file model.pdb (PDB, C-alpha atoms and all ligand atoms)
ATOM      1  CA  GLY F   2      14.685 -24.684   0.591
ATOM      2  CA  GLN F   3      13.127 -21.374  -0.424
ATOM      3  CA  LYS F   4       9.519 -20.835   0.601
ATOM      4  CA  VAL F   5       6.901 -18.528  -0.880
ATOM      5  CA  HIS F   6       5.869 -15.462   1.085
ATOM      6  CA  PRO F   7       2.808 -16.595   3.096
ATOM      7  CA  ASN F   8       0.966 -13.307   2.717
ATOM      8  CA  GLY F   9       1.912 -13.203  -0.957
ATOM      9  CA  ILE F  10       0.547 -16.654  -1.736
ATOM     10  CA  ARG F  11      -2.578 -16.036   0.367
ATOM     11  CA  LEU F  12      -3.394 -12.584  -1.055
ATOM     12  CA  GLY F  13      -6.902 -12.586  -2.459
ATOM     13  CA  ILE F  14      -7.797 -15.840  -0.686
ATOM     14  CA  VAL F  15      -7.844 -15.064   3.040
ATOM     15  CA  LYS F  16      -5.753 -11.894   3.094
ATOM     16  CA  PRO F  17      -6.530  -8.325   2.009
ATOM     17  CA  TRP F  18      -4.243  -6.012   0.093
ATOM     18  CA  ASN F  19      -2.530  -3.209   1.981
ATOM     19  CA  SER F  20      -3.134  -0.838  -0.938
ATOM     20  CA  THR F  21      -6.632  -0.861  -2.455
ATOM     21  CA  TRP F  22      -7.306   1.566  -5.302
ATOM     22  CA  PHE F  23      -7.758   1.638  -9.058
ATOM     23  CA  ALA F  24      -5.606   3.561 -11.515
ATOM     24  CA  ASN F  25      -4.927   3.424 -15.230
ATOM     25  CA  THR F  26      -1.455   2.868 -16.649
ATOM     26  CA  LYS F  27      -0.962   6.646 -16.859
ATOM     27  CA  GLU F  28      -0.797   7.023 -13.062
ATOM     28  CA  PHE F  29      -0.314   3.542 -11.569
ATOM     29  CA  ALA F  30       3.443   4.046 -11.138
ATOM     30  CA  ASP F  31       2.977   7.547  -9.726
ATOM     31  CA  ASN F  32       0.518   6.188  -7.169
ATOM     32  CA  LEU F  33       2.960   3.432  -6.188
ATOM     33  CA  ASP F  34       5.802   5.941  -5.784
ATOM     34  CA  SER F  35       3.680   8.265  -3.643
ATOM     35  CA  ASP F  36       2.552   5.256  -1.586
ATOM     36  CA  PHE F  37       6.158   4.232  -0.959
ATOM     37  CA  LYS F  38       7.160   7.739   0.109
ATOM     38  CA  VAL F  39       4.146   8.102   2.417
ATOM     39  CA  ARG F  40       4.660   4.704   4.046
ATOM     40  CA  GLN F  41       8.366   5.370   4.570
ATOM     41  CA  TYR F  42       7.744   8.757   6.176
ATOM     42  CA  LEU F  43       4.938   7.512   8.408
ATOM     43  CA  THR F  44       6.878   4.426   9.498
ATOM     44  CA  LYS F  45       9.910   6.476  10.484
ATOM     45  CA  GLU F  46       7.910   9.242  12.171
ATOM     46  CA  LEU F  47       5.868   6.648  14.105
ATOM     47  CA  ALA F  48       8.697   4.175  14.780
ATOM     48  CA  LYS F  49       7.998   4.568  18.514
ATOM     49  CA  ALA F  50       4.192   4.432  18.151
ATOM     50  CA  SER F  51       3.831   0.651  17.603
ATOM     51  CA  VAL F  52       2.373   1.030  14.109
ATOM     52  CA  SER F  53       1.315  -2.356  12.757
ATOM     53  CA  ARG F  54      -0.108  -1.694   9.289
ATOM     54  CA  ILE F  55      -0.426   1.276   6.908
ATOM     55  CA  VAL F  56      -3.397   0.857   4.568
ATOM     56  CA  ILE F  57      -3.374   3.472   1.800
ATOM     57  CA  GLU F  58      -6.536   4.072  -0.221
ATOM     58  CA  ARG F  59      -6.933   6.726  -2.929
ATOM     59  CA  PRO F  60     -10.570   7.902  -3.091
ATOM     60  CA  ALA F  61     -10.998  10.151  -6.140
ATOM     61  CA  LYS F  62      -8.458  12.982  -5.828
ATOM     62  CA  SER F  63      -7.650  12.294  -2.163
ATOM     63  CA  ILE F  64      -5.639   9.822  -0.087
ATOM     64  CA  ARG F  65      -6.906   8.100   3.063
ATOM     65  CA  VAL F  66      -4.198   6.539   5.236
ATOM     66  CA  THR F  67      -5.286   4.125   7.963
ATOM     67  CA  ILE F  68      -2.652   3.382  10.602
ATOM     68  CA  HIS F  69      -3.164   0.148  12.539
ATOM     69  CA  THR F  70      -1.288   0.698  15.805
ATOM     70  CA  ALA F  71      -1.354  -0.726  19.313
ATOM     71  CA  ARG F  72      -0.842   2.702  20.951
ATOM     72  CA  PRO F  73      -3.530   5.040  19.592
ATOM     73  CA  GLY F  74      -3.077   7.701  22.264
ATOM     74  CA  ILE F  75       0.527   8.446  21.335
ATOM     75  CA  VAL F  76      -0.329   8.711  17.637
ATOM     76  CA  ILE F  77      -3.299  10.971  18.327
ATOM     77  CA  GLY F  78      -1.809  13.286  20.938
ATOM     78  CA  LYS F  79      -3.832  15.733  23.013
ATOM     79  CA  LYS F  80      -7.023  16.501  21.075
ATOM     80  CA  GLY F  81      -5.851  15.306  17.684
ATOM     81  CA  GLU F  82      -2.804  17.571  17.201
ATOM     82  CA  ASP F  83      -0.446  14.748  16.211
ATOM     83  CA  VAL F  84      -2.954  13.296  13.740
ATOM     84  CA  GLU F  85      -3.331  16.802  12.312
ATOM     85  CA  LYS F  86       0.398  17.308  11.750
ATOM     86  CA  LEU F  87       0.786  13.823  10.253
ATOM     87  CA  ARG F  88      -2.115  14.527   7.887
ATOM     88  CA  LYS F  89      -0.730  17.940   6.946
ATOM     89  CA  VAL F  90       2.595  16.411   5.918
ATOM     90  CA  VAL F  91       1.090  13.330   4.221
ATOM     91  CA  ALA F  92      -0.912  15.758   2.082
ATOM     92  CA  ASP F  93       2.387  17.398   1.105
ATOM     93  CA  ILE F  94       3.957  14.057   0.180
ATOM     94  CA  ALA F  95       0.951  12.852  -1.823
ATOM     95  CA  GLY F  96       0.107  16.139  -3.541
ATOM     96  CA  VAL F  97      -3.623  15.464  -3.234
ATOM     97  CA  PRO F  98      -5.429  16.162   0.071
ATOM     98  CA  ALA F  99      -5.041  13.559   2.781
ATOM     99  CA  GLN F 100      -7.017  12.130   5.677
ATOM    100  CA  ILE F 101      -5.707   9.867   8.442
ATOM    101  CA  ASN F 102      -7.590   7.245  10.452
ATOM    102  CA  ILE F 103      -6.298   5.217  13.398
ATOM    103  CA  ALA F 104      -7.195   1.566  14.022
ATOM    104  CA  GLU F 105      -6.183  -0.032  17.311
ATOM    105  CA  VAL F 106      -4.922  -3.613  17.227
ATOM    106  CA  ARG F 107      -6.498  -4.894  20.436
ATOM    107  CA  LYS F 108      -4.021  -7.727  21.159
ATOM    108  CA  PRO F 109      -0.570  -6.735  19.856
ATOM    109  CA  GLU F 110       1.077 -10.010  20.900
ATOM    110  CA  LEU F 111      -0.882 -11.746  18.114
ATOM    111  CA  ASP F 112       0.371  -9.250  15.506
ATOM    112  CA  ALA F 113       3.362 -10.573  13.567
ATOM    113  CA  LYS F 114       4.845  -7.153  12.818
ATOM    114  CA  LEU F 115       4.572  -5.999  16.434
ATOM    115  CA  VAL F 116       6.074  -9.249  17.729
ATOM    116  CA  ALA F 117       8.982  -8.921  15.303
ATOM    117  CA  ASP F 118       9.474  -5.293  16.337
ATOM    118  CA  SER F 119       9.549  -6.252  20.021
ATOM    119  CA  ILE F 120      12.108  -9.007  19.433
ATOM    120  CA  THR F 121      14.253  -6.750  17.235
ATOM    121  CA  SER F 122      14.152  -3.947  19.807
ATOM    122  CA  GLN F 123      15.173  -6.349  22.574
ATOM    123  CA  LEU F 124      18.065  -7.725  20.508
ATOM    124  CA  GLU F 125      19.304  -4.215  19.773
ATOM    125  CA  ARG F 126      18.839  -3.395  23.476
ATOM    126  CA  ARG F 127      21.109  -6.311  24.386
ATOM    127  CA  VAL F 128      19.023  -9.316  25.448
ATOM    128  CA  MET F 129      19.437 -13.066  25.090
ATOM    129  CA  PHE F 130      17.976 -14.126  21.749
ATOM    130  CA  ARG F 131      16.677 -17.424  23.149
ATOM    131  CA  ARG F 132      15.012 -15.683  26.094
ATOM    132  CA  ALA F 133      13.437 -13.059  23.829
ATOM    133  CA  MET F 134      11.998 -15.465  21.271
ATOM    134  CA  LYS F 135      10.790 -17.927  23.914
ATOM    135  CA  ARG F 136       9.092 -15.068  25.805
ATOM    136  CA  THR F 137       7.224 -13.933  22.648
ATOM    137  CA  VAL F 138       5.923 -17.405  21.832
ATOM    138  CA  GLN F 139       4.828 -17.916  25.403
ATOM    139  CA  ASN F 140       2.978 -14.594  25.326
ATOM    140  CA  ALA F 141       1.471 -15.361  21.905
ATOM    141  CA  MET F 142       0.191 -18.769  23.001
ATOM    142  CA  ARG F 143      -1.110 -17.216  26.236
ATOM    143  CA  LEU F 144      -3.094 -14.609  24.310
ATOM    144  CA  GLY F 145      -4.428 -17.476  22.206
ATOM    145  CA  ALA F 146      -2.506 -17.914  18.960
ATOM    146  CA  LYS F 147      -3.520 -21.171  17.305
ATOM    147  CA  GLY F 148       0.166 -21.395  16.399
ATOM    148  CA  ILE F 149       3.342 -19.309  16.303
ATOM    149  CA  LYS F 150       6.863 -19.625  14.919
ATOM    150  CA  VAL F 151       9.817 -17.269  15.390
ATOM    151  CA  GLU F 152      13.101 -17.515  13.476
ATOM    152  CA  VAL F 153      16.148 -15.475  14.499
ATOM    153  CA  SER F 154      19.139 -15.542  12.170
ATOM    154  CA  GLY F 155      22.636 -14.120  11.912
ATOM    155  CA  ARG F 156      25.546 -13.673  14.340
ATOM    156  CA  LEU F 157      23.511 -14.330  17.470
ATOM    157  CA  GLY F 158      25.138 -12.735  20.494
ATOM    158  CA  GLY F 159      28.130 -11.569  18.470
ATOM    159  CA  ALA F 160      29.250 -15.016  17.340
ATOM    160  CA  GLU F 161      31.682 -14.886  14.434
ATOM    161  CA  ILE F 162      29.811 -17.517  12.403
ATOM    162  CA  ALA F 163      26.166 -16.662  11.802
ATOM    163  CA  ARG F 164      23.577 -19.279  12.730
ATOM    164  CA  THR F 165      19.811 -19.640  12.414
ATOM    165  CA  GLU F 166      17.510 -20.773  15.209
ATOM    166  CA  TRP F 167      13.736 -21.012  15.379
ATOM    167  CA  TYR F 168      11.036 -21.938  17.881
ATOM    168  CA  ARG F 169       7.552 -23.166  17.010
ATOM    169  CA  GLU F 170       4.557 -24.018  19.191
ATOM    170  CA  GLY F 171       1.141 -25.221  18.100
ATOM    171  CA  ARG F 172       0.491 -25.740  14.398
ATOM    172  CA  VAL F 173       1.554 -23.465  11.538
ATOM    173  CA  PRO F 174       0.462 -25.116   8.261
ATOM    174  CA  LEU F 175       2.110 -23.061   5.531
ATOM    175  CA  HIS F 176       0.903 -25.230   2.633
ATOM    176  CA  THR F 177      -2.772 -24.775   3.562
ATOM    177  CA  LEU F 178      -3.968 -21.791   1.547
ATOM    178  CA  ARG F 179      -7.181 -21.340   3.544
ATOM    179  CA  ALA F 180      -5.142 -20.987   6.745
ATOM    180  CA  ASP F 181      -4.821 -17.512   8.269
ATOM    181  CA  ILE F 182      -1.073 -17.039   8.774
ATOM    182  CA  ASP F 183      -0.052 -13.478   9.630
ATOM    183  CA  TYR F 184       3.625 -13.306   8.688
ATOM    184  CA  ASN F 185       6.049 -10.435   9.023
ATOM    185  CA  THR F 186       9.718  -9.649   9.462
ATOM    186  CA  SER F 187      12.178  -7.300  11.120
ATOM    187  CA  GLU F 188      15.897  -6.554  11.071
ATOM    188  CA  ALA F 189      17.926  -5.663  14.164
ATOM    189  CA  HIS F 190      20.962  -3.501  13.419
ATOM    190  CA  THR F 191      23.389  -4.416  16.198
ATOM    191  CA  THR F 192      27.073  -3.734  16.719
ATOM    192  CA  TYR F 193      27.901  -6.989  14.899
ATOM    193  CA  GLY F 194      25.641  -6.582  11.879
ATOM    194  CA  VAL F 195      22.041  -7.356  10.930
ATOM    195  CA  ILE F 196      19.981 -10.024  12.702
ATOM    196  CA  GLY F 197      16.879 -11.102  10.791
ATOM    197  CA  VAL F 198      13.709 -12.110  12.624
ATOM    198  CA  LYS F 199      10.767 -13.766  10.862
ATOM    199  CA  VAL F 200       7.463 -14.325  12.670
ATOM    200  CA  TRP F 201       4.555 -16.509  11.544
ATOM    201  CA  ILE F 202       1.328 -16.484  13.570
ATOM    202  CA  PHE F 203      -1.423 -18.950  12.682
ATOM    203  CA  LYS F 204      -4.803 -17.729  13.907
ATOM    204  CA  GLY F 205      -7.296 -20.241  12.507
ATOM    205  CA  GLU F 206      -8.627 -21.240   9.108
ATOM    206  CA  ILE F 207     -11.112 -19.472   6.833
ATOM    207  CA  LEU F 208     -13.597 -21.588   4.883
ATOM    208  CA  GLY F 209     -15.958 -19.039   3.320
ATOM    209  CA  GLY F 210     -12.845 -17.089   2.381
ATOM    210  CA  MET F 211     -14.456 -13.669   1.871
ATOM    211  CA  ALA F 212     -11.125 -12.694   0.251
TER     212      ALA F 212
ATOM    213  CA  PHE V  92     -49.729  52.466 -30.050
ATOM    214  CA  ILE V  93     -46.677  54.095 -28.480
ATOM    215  CA  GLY V  94     -46.451  57.787 -29.289
ATOM    216  CA  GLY V  95     -46.296  61.277 -27.876
ATOM    217  CA  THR V  96     -50.042  61.568 -27.306
ATOM    218  CA  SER V  97     -52.928  59.112 -27.438
ATOM    219  CA  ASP V  98     -54.855  61.392 -29.805
ATOM    220  CA  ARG V  99     -52.075  61.048 -32.410
ATOM    221  CA  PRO V 100     -49.664  58.117 -32.149
ATOM    222  CA  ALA V 101     -46.480  58.851 -33.990
ATOM    223  CA  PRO V 102     -44.508  56.897 -36.603
ATOM    224  CA  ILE V 103     -40.962  55.769 -35.838
ATOM    225  CA  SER V 104     -38.692  57.539 -38.349
ATOM    226  CA  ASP V 105     -37.385  57.387 -41.890
ATOM    227  CA  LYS V 106     -34.068  55.744 -41.008
ATOM    228  CA  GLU V 107     -35.465  53.673 -38.132
ATOM    229  CA  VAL V 108     -37.542  51.548 -40.511
ATOM    230  CA  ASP V 109     -34.497  51.141 -42.738
ATOM    231  CA  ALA V 110     -32.307  50.062 -39.807
ATOM    232  CA  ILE V 111     -34.870  47.534 -38.585
ATOM    233  CA  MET V 112     -35.156  46.117 -42.108
ATOM    234  CA  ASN V 113     -31.358  46.090 -42.349
ATOM    235  CA  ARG V 114     -31.091  43.907 -39.261
ATOM    236  CA  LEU V 115     -34.081  41.804 -40.351
ATOM    237  CA  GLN V 116     -32.242  41.099 -43.625
ATOM    238  CA  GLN V 117     -28.689  40.767 -42.251
ATOM    239  CA  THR V 126     -17.793  32.012 -25.947
ATOM    240  CA  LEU V 127     -14.868  29.693 -25.210
ATOM    241  CA  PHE V 128     -15.026  27.429 -22.162
ATOM    242  CA  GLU V 129     -11.818  28.460 -20.424
ATOM    243  CA  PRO V 130     -10.138  25.614 -18.497
ATOM    244  CA  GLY V 131     -10.639  25.983 -14.758
ATOM    245  CA  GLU V 132     -13.851  28.002 -15.085
ATOM    246  CA  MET V 133     -16.716  26.903 -12.829
ATOM    247  CA  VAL V 134     -19.792  26.105 -14.914
ATOM    248  CA  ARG V 135     -23.388  24.970 -14.643
ATOM    249  CA  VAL V 136     -24.998  22.503 -17.013
ATOM    250  CA  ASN V 137     -27.886  23.340 -19.336
ATOM    251  CA  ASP V 138     -29.722  20.037 -19.879
ATOM    252  CA  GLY V 139     -29.777  16.362 -18.987
ATOM    253  CA  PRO V 140     -30.075  14.630 -15.622
ATOM    254  CA  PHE V 141     -27.026  16.632 -14.487
ATOM    255  CA  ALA V 142     -28.645  19.923 -15.546
ATOM    256  CA  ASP V 143     -27.824  22.951 -13.374
ATOM    257  CA  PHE V 144     -25.144  21.398 -11.172
ATOM    258  CA  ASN V 145     -21.990  23.048  -9.862
ATOM    259  CA  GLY V 146     -19.348  21.684 -12.220
ATOM    260  CA  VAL V 147     -15.834  22.894 -12.963
ATOM    261  CA  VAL V 148     -14.061  22.704 -16.323
ATOM    262  CA  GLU V 149     -11.493  19.893 -16.210
ATOM    263  CA  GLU V 150     -10.322  19.542 -19.830
ATOM    264  CA  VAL V 151     -10.934  20.880 -23.334
ATOM    265  CA  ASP V 152     -12.966  18.897 -25.869
ATOM    266  CA  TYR V 153     -12.496  21.775 -28.268
ATOM    267  CA  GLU V 154     -12.239  20.462 -31.830
ATOM    268  CA  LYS V 155     -15.119  18.064 -31.077
ATOM    269  CA  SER V 156     -17.528  20.948 -30.386
ATOM    270  CA  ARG V 157     -17.961  19.163 -27.057
ATOM    271  CA  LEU V 158     -16.946  19.618 -23.419
ATOM    272  CA  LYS V 159     -15.810  17.826 -20.294
ATOM    273  CA  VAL V 160     -16.536  19.205 -16.827
ATOM    274  CA  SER V 161     -15.755  17.645 -13.456
ATOM    275  CA  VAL V 162     -18.688  17.166 -11.083
ATOM    276  CA  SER V 163     -19.174  15.750  -7.587
ATOM    277  CA  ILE V 164     -20.724  12.291  -7.935
ATOM    278  CA  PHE V 165     -20.639   9.475  -5.432
ATOM    279  CA  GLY V 166     -17.503  10.820  -3.705
ATOM    280  CA  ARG V 167     -15.701   9.540  -6.875
ATOM    281  CA  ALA V 168     -16.439  12.966  -8.438
ATOM    282  CA  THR V 169     -16.070  11.414 -11.919
ATOM    283  CA  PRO V 170     -14.485  12.826 -15.142
ATOM    284  CA  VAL V 171     -17.756  13.680 -16.883
ATOM    285  CA  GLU V 172     -18.148  14.731 -20.530
ATOM    286  CA  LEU V 173     -20.896  17.012 -21.874
ATOM    287  CA  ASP V 174     -22.113  18.505 -25.129
ATOM    288  CA  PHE V 175     -21.143  22.071 -26.018
ATOM    289  CA  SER V 176     -24.822  22.978 -25.595
ATOM    290  CA  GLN V 177     -24.470  22.101 -21.885
ATOM    291  CA  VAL V 178     -22.537  25.207 -20.836
ATOM    292  CA  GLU V 179     -23.950  28.029 -18.732
ATOM    293  CA  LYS V 180     -21.718  31.112 -18.761
TER     294      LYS V 180
HETATM  295 MG    MG Y 301      10.709 -21.480  -5.390
END
call {"tool": "encode", "arguments": {"input": "model.pdb", "output": "structure tokens"}}
result
Amino acid sequence: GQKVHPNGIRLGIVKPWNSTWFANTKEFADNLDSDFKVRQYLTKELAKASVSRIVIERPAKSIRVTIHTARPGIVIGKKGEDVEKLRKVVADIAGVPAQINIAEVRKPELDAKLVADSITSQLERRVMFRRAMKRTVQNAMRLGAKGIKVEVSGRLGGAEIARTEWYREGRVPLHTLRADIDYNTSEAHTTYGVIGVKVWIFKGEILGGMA
Amino acid sequence: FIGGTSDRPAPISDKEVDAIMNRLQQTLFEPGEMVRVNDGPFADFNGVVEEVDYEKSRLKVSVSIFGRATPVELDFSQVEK
């Protein structure tokens, strides 16, 4: 049927929030709107920088943006120039001063967003959907995912009738709340429409929780 | 005494006494101004006016505490202009 968002159901249990700040009702909406604009701009500007996660915090009258990426050197540029320009424009978008930090994701093949981006890019760049998804699971299991599942959906290969197909290796318990299931999604805009790709990666359970 | 010569100190005047007896008988914290505090644990810190607690005879001045430089309210006696 219809399943709950894994990250959504697990938020506060074994998953952290992407945005972490306090604000009264007078400015909560404004903060959300600024967050949306900043994330949109950064995602588009760094589309080719393998950005995995944009954590926005709002210390006092400032905004700290942490970009989890698998390619820190591209984002940074020679001696910080690119970070500087990104910060200078994020400060414009937010209004308050801004600071940018870069966190490398050591093993991108275990990152759901990066896996989805790779598969989407391949599909747009004209590759066999079965080959692409099988290659990403194999790589994920090789790098050590306790489990992985990929679901491609919609007019695969230009077929007139859209179909859904999914591969799954290992174990991906989605009803276990203490399980660590990094889930993300991507859409491939191809000449015959939108192809949706969902990726779940199970990377062990958390007992102590630690939120 | 204070006078022209030490041999004969001089009085003040006729009208000077009257003026002294006359006196003996007889400021707004602009927003954005940078202030210092007058008393309390936060006494003599570099604060900056953030809002106007005017009709309270009070004040509120931003200050730089634990990175969360907090919206901090003071008495009107706590200004230093
Ligand atoms: Mg339901």
call {"tool": "residues_near_ligand", "arguments": {"input": "model.pdb", "ligand": "ligand MG 301 (chain Y)", "cutoff": "10 Å", "atoms": "all atoms listed in the file", "output": "VMD selection string"}}
result
chain F and resid 2 to 5
call {"tool": "closest_residue", "arguments": {"input": "model.pdb", "among": "V:131, V:166, V:176, V:149", "to": "chain F", "atoms": "all atoms listed in the file"}}
result
V:166
call {"tool": "closest_residue", "arguments": {"input": "model.pdb", "among": "V:164, V:142, V:178, V:115", "to": "chain F", "atoms": "all atoms listed in the file"}}
result
V:164
call {"tool": "closest_residue", "arguments": {"input": "model.pdb", "among": "V:165, V:175, V:92, V:153", "to": "chain F", "atoms": "only C-alpha atoms"}}
result
V:165
call {"tool": "atom_distance", "arguments": {"input": "model.pdb", "atom1": "CA of residue 55 in chain F", "atom2": "CA of residue 168 in chain V"}}
result
25.1 Å
call {"tool": "resolve_selection", "arguments": {"input": "model.pdb", "expression": "the ChimeraX specification (/V :<9) & /F", "output": "list in words"}}
result
residues 60, 61 and 62 of chain F
